[PDB]
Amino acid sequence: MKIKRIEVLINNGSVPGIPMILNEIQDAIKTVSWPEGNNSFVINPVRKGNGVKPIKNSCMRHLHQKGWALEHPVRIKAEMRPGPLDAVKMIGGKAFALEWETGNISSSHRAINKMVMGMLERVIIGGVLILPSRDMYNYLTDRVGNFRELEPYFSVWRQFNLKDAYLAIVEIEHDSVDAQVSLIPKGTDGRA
């Protein structure tokens, strides 16, 4: 998978291991490919024709190899029931969270909100969210969160006084297109 850019929203104090985990995250994103077993991410360029669920898999596997916990239950407050984060690297006391978008754009707003809640409540040191470029997004499930559509709100997450916190958005994209490769399955395929 290509990384087009990374927008660093918050980067206060010293996290460490930081570059070590940002190097891990990037190496992990780089392993993601299509079809399975290919050496790059080749997508079938059908408008809205590719599901988004399994795209992350190879990235989450590579992180596990590097000692991240996957689908890791978290409960930031007490008055919340727990929910899963895609991967987490425990760097002592607090959590470094990675997320790879599989929800509506509106649900991206909540993920960053929950990350910032984690940071403010002292349970999360850093958070990273991976979003499709608009170009990649055009071939994905209608209205999946995507980098361009969230971009107008970035100022919002720049307004916090957080000692020792890292918040970044990563923009990803397919390496190339090919009308002859398989569609990434959707949950609606064959009745479902």
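A residue's number is simply how far along the shown sequence it sits, counting from 1.
- Taking only CA atoms, the mean B-factor in the PDB entry is higher for 19-27 than for the other of 19-27 and 172-180.
- Comparing 85-93 with 114-122, the stretch with the higher mean C-alpha B-factor in the PDB entry is 85-93.
- The residue among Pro132, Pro152, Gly49, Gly67 whose C-alpha carries the highest B-factor in the deposited model is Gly67.
- Among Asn57, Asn146, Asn161, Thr141, the highest C-alpha B-factor in the deposited entry belongs to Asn161.
- Compared with the other modelled residues of the chain, the Cα B-factor recorded for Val128 ranks in the lowest third.
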